[PDB]
Amino acid sequence: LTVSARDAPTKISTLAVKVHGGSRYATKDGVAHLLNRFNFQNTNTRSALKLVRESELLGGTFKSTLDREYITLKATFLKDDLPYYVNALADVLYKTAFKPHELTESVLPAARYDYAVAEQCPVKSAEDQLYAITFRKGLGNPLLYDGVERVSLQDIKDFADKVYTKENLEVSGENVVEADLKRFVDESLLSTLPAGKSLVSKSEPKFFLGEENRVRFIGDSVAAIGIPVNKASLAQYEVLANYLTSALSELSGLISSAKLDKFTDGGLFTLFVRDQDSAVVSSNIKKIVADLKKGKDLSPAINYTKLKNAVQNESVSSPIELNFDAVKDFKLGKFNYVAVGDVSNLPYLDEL
Amino acid sequence: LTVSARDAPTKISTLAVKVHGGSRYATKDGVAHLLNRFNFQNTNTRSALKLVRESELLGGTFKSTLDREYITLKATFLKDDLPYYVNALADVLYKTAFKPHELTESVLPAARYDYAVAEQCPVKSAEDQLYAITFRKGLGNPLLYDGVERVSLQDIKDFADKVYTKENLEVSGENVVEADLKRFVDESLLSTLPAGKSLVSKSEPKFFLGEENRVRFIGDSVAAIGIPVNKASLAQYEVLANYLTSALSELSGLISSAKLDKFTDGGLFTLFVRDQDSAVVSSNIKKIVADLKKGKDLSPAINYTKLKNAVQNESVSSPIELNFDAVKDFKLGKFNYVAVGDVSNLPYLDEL
Amino acid sequence: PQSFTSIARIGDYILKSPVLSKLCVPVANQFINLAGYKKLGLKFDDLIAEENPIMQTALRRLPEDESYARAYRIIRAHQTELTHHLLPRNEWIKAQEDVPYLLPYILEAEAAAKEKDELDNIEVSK
Amino acid sequence: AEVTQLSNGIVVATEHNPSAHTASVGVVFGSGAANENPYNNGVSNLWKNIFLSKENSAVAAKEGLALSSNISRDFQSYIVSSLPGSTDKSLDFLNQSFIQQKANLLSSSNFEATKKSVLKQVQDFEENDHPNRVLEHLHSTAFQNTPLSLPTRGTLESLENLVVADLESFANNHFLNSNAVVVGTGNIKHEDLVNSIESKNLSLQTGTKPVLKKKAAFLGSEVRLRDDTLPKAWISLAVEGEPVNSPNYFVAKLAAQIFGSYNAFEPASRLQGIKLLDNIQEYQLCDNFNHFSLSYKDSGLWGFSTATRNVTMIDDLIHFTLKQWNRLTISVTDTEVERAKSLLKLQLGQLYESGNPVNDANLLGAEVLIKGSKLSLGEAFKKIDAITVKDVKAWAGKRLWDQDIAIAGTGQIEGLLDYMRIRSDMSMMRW
Amino acid sequence: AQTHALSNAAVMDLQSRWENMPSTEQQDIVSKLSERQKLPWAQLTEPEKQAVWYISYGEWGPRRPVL
């Protein structure tokens, strides 16, 4: 129960209760996604219709976001009604209904919609494949529920009792008086949540290299390389991601996307090259892997990536505060490779 | 144009024109499936309706069959009307209409039904994954058409011109007088077909070992191993397949299927373990891989697999005439592994 | 037309009072025995007319075993009254078997619809 | 072509075929699942699956023998496939394992394991195999409270009462020398098999089997097994057809072939010469149908069995199929009969002379158990070619025209109307 | 005397199916029940007792009424 807030002289506050309860900590495949879609449903006291129709007249909305690690319960509001939203997030964490007619009518159709939308995009399919073959049972769990194993209502109640525990979450209010926030989080149900253990492990996530997966897909064709990185090597792959995204690289015209996902014990640098026909993807990713195995000078992208890191980092509540100063050179070692789409014309891992 | 027949004192004759034009020789993914569905549609002279409604009064039916290697055009009929069916198979091979309305109304709904039927069965999906990771661009082509690359009508026509050539096919008639068959194959359109090259490559088909693939599937869970075999070691894996199928093996309850696919240059030993829950499949295939890495004595199964190979071999037109006498011991070396279904609870390759 | 929450309110007031219970409960038990729906194999929550969205909501929210059993009791009562007989005396619904199984689902859907209407017609105190 | 001879206790029937590379020797009994109670039902299925036990099949597979059995309503067979030079081993195994030393298969913890196996197998049948259990319920209502209605699979609640005494009682009542035919197909000569049966003393038992007190009587009825969580709606529908060794047997098979079978997704089954497809293809009334002619020793079923996802237009499918059935009585043409003759000749030739000597052994044992001699396929083709249009019209007026039907269906068959509305289609008002 | 028990497949519901059992199975059931009789009568199961009673005094055969 770590309460933090950064005050400001503005009109809109945001509250965020972050649990360490995303797909990485899911016991079955997709329990985290179903709990996230079960977040702002009706409680034991206040319904879900009364929640929306009161919070609109007070002037703020809610949003539950599922991450690869967290579950963020965010609430945006006009500043002078903070205890309502503190008590509403408290009621959601402490007493949700978990009704079976709520599982069949709201949570399962919303999750099926999320899964259909993220199924239609081969970049998210390849990102999930790259996760699931870099790390296997940890972060390489599926992000979304698809129904390949039966997640029942009792499993969501069990996962919520495991995850919604008092030492597992953190309360963070952008533009909130912090002393008032600490007074309002106490005298509420965040202090009556169970003080369970924190699910954050402090060890390394036991990655795997040289793996290759191939998914057939009707539509666009992407090919993706992915490197699991550790805590000492986070800044280098950060300046690499902003180098290949930036206009300093000669490979930015070929690369569709390149991003590093950072965690408190490691990260995954994912590079996607996406096009309509597989010959362009083949030529592009052969050039990418060749000119990355040949070394790159990541020294020019340093002041640019300080800017882009501050841009990305002002939104989040937990900065990692990377170094960016000792980073000079990069040379591509081993890497994991997925190919999605016209999979008989995208190259294999030997040909790269 | 190799014509053969095996006469018998019965009433039913089966003609079969076998072309080396299966999915292995497919230029695009699934063009062999679309040609196999395009076979007995209307010709330039006789329509497809007139073919069915004339041959029903004559008393015989037709069946176009797609293998991994062959396209078999088979005709089963009353014996005394052979030349009608020789000329019908000649018209199908020589002059097919290939109309776009025939593609969009019969051939593509038929191929969509075939792909849906093969998509609901996880064992066929595991076998196609196993083929595609053992052999990459040769025998590991997709068997059926799915539409991950657009196969147009001119692609089907070009594959027909590539495949239906006079040195590429072989006519074989069970319960047919061979003198009348060799007379009726001439004075037909099989003598007017182009004499293109035979597409049979006599070299070893360049397998890859140690590959593993994982497919998420909604339904049953199978885990499958696949061992590419050469020409010399075909008989030992044949007696191994009939051993593990038979009641001589203690692994027979654990194994859903085990078969050796045979070609003129090698083969593939496939073993499938299929169940409803993934813990059963995990325990089963861990026991299979462990008790097969420990050596087996396949000398009991020799007399049994002679009979089983004879039962299978009387159906086919070209027997391979295996030895089965020099097979004594088996020990599992390297193998390819696919896991279809509840894929987060099935074992990986290094855990076996 | 009479809301089920109102029937629950009046009946709970009768049952929680010791005089009204011992005065009106045997009258209702003899009323239910004279009503004769148990002789056709029906419990009472098969008799509620379902052609309204609260009852359609509760019947959608019924679990499947109660749904299949209710379907059999309704079809059996239709065939029994078609043949102009009753069920035999061992096929009558017992008194301890006549439990309100649809009633929490009806009362919950009723409270949800009443709260939805009350929030549709609010007046914010300004 | 085939030789049957009654040796001094037992009937040996061989069908030699020197073009074959295998040989199957077995014994076919004449007590299928029509020789059961409704309480010991599945005891023939338990006998099949303990003949195909692991402990029993390992002894065959060490010798190079393959075990195959089959349970029908009239007959049941226990056939041992082997290589052509190894048939004395087939007779030694069939003698020792199944006939004489019968108490070793029927040990406990082999009976228990096989009983659990067929319990799982019959339950897996009853939950998943929808066309075949619809044909099973069609038998169970078409012949209700009569021997010919008992499912050959066995029910789940009569297979749970079964103990080793029930299999022993079925064995001592039905595995008799006056009830069996030892059958040899493949490429074994008739003198060779009868010499190898005279060599080792091959005797099953000496009794005569219990006579069923009631013959099978068709009762027009329907069973309606509706299950709305199933994607299709399977429905069989049949009249009482001809038994085996009826004179109208091949006419019944021919009239089943007049309307043929169908697969809506095979594009060459769309183009068939059946006038019913002109109706049932426009709105796509069905996915597949097939007309059968099941013939048993007492009676039989003539009808059609279908499946469909167009569950609101079941009545048009049933109505159009039965208005096509009336055309057999009133206006069957000539080319329908000639097409059915050619296709029934092709079907019977594929059925009898296929490549498999096991299926030939089952067919041979059935036909020489019921009739005492197997009818050759030349005489059968002469009998099919003798059938005219007037024979088909007379059989249809006897058996089809305004006769009691038997229906059975599972799935989403709410669109199926009731019995009298369907039975009103068996006879039209001459239009 | 005899073995453990008459099976339920061969003795249960003997009233409904005595008159449809063939005469051989009737004779074999009657023989095995007469062998089961000599055991001390606590050891008979309840379908066995019902079968024995219906065989001796059931409303079949000679005890079949007039109408």
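What follows is calculated from the coordinates using simple rules that are stated; it is not laboratory data. Positions of Cβ are generated from backbone atoms using ideal geometry, with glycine treated the same way; all protein chains shown enter the neighbour counts.
Taking every alpha-carbon pair under 8 Å whose residues sit at least 6 apart, the stretch D:1-202 reaches a relative contact order of 41 percent. Here the stretch A:218-352 is described by how far its Cα atoms reach on the three principal axes: 43, 29, 25 Å, from widest to narrowest. Estimated translational diffusion coefficient (Stokes-Einstein, Kirkwood radius over Cα pairs, 20 °C, 1.002 mPa s) of chain D: 93 µm² per second. Electrostatic bookkeeping for A:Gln120 treats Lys and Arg as +1 and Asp and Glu as -1; over the other residues with beta carbon under 12 Å from its beta carbon, the sum is -2. For the stretch A:1-120, the C-alpha radius of gyration divided by 2.2 N^0.38 Å, with N the number of residues, is 1.11. Across the stretch A:340-352, rounded Karplus estimates of 3J(HN,Hα) from the backbone phi angles (6.51 cos²θ - 1.76 cosθ + 1.60, θ = phi - 60°) give 10, x, 6, 7, 8, 10, 6, x, 9, 6, 6, 6, 9 Hz, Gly and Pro being marked x.
How large is the convex hull of the Cα atoms of the stretch D:1-202 per residue, expressed in Å³ as a whole number?
Details: hull volume 27.0 nm³, N = 202.
In the stretch D:1-202, the Cα convex hull volume per residue is 133 Å³.
Highest mean packing first, where packing is the average number of other Cβ atoms within 10 Å per residue, the peptides D:295-307, D:85-97 line up as D:295-307, D:85-97. Each other copy holds its own label point for B:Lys328; taking that point as 7 Å from Cα along Cα to Cβ, the gaps run 6.3 nm, nearest first. With viscosity 0.890 mPa s and temperature 25 °C, the Kirkwood radius over alpha carbon pairs of chain C converts through Stokes-Einstein to a diffusion coefficient of 146 µm²/s. Between A:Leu58 and B:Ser318, the distance separating the two model label sites (each 7 Å from Cα on the Cα→Cβ line) works out to 7.8 nm. Placing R0 at 51 angstrom, the Cβ-Cβ distance between C:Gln30 and D:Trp431 gives a FRET efficiency of 0.25 after rounding to 0.05. Sorted from closest to farthest, the other copies place their A:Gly219 label points 2.3 nm away, with each point set 7 Å from Cα along Cα→Cβ.
Can you tell me the FRET efficiency between C:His85 and E:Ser34 if r is taken as the Cβ-Cβ distance and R0 is 45 Å, rounded to the nearest 0.05? Efficiency, from the Cβ-Cβ distance: 0.50. Computed packing ranks the peptides D:69-82, D:50-63, B:324-337 as D:69-82, D:50-63, B:324-337, most packed first, by mean other Cβ atoms within 10 Å. Every helix of 4 or more DSSP H residues in chain B counts as -39500 (n - 2.57), and over all residues that averages to -10000 deg cm²/dmol at 222 nm. Chain B comes nearest to the axis taking it onto chain A at the Cβ of one residue; that residue and its distance, in whole Å, are B:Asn213, 3. Cα centroid separation, the stretch C:21-38 to the stretch A:135-195: 51 Å. Is the protein assembly as shown rounded, prolate or oblate when judged by the Cα gyration tensor, a ≥ b ≥ c being the square roots of its eigenvalues, rounded requiring a/c under 1.5 and prolate requiring a/b larger than b/c? Verdict is oblate for the protein assembly as shown. Near A:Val86, once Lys and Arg are set to +1 and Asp and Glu to -1 for all other residues with Cβ below 12 Å from its Cβ, the sum equals -3.
Three semi-axes describe the equivalent ellipsoid of chain E; taken as square roots of 5 times the Cα gyration tensor eigenvalues and ordered largest first, they are 22, 13, 11 Å.
Counting only other chain Cβ atoms within 10 Å of each residue's Cβ, the peptide B:172-178 averages 1. Structural size metrics of chain A, computed from C-alpha coordinates, are Rg and Dmax of 21.8, 62 Å. Each copy carries A:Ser317; placing its label point 7 Å along the C-beta direction from Cα gives inter-copy distances of 7.3 nm, listed from smallest up. Comparing B:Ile133, B:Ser252, A:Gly226 along the charge dipole axis of the protein assembly as shown, the residue lying farthest to the positive side is B:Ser252, per the Cβ-charge model.
Enter the mean number of other protein chain beta carbons within 10 Å of the beta carbon of each residue in D:206-213, as an integer. Write out the running numbers ahead of the final one.
Values: counts 0, 1, 1, 2, 8, 3, 2, 5.
Partner-chain Cβ atoms within 10 Å, mean over residues of D:206-213: 3.
Viscosity 0.692 mPa s, temperature 37 °C: give me the Stokes-Einstein translational D for the stretch D:73-139 in µm²/s, with Rh taken as the Kirkwood radius over C-alpha pairs. It comes out at roughly 217 µm²/s.
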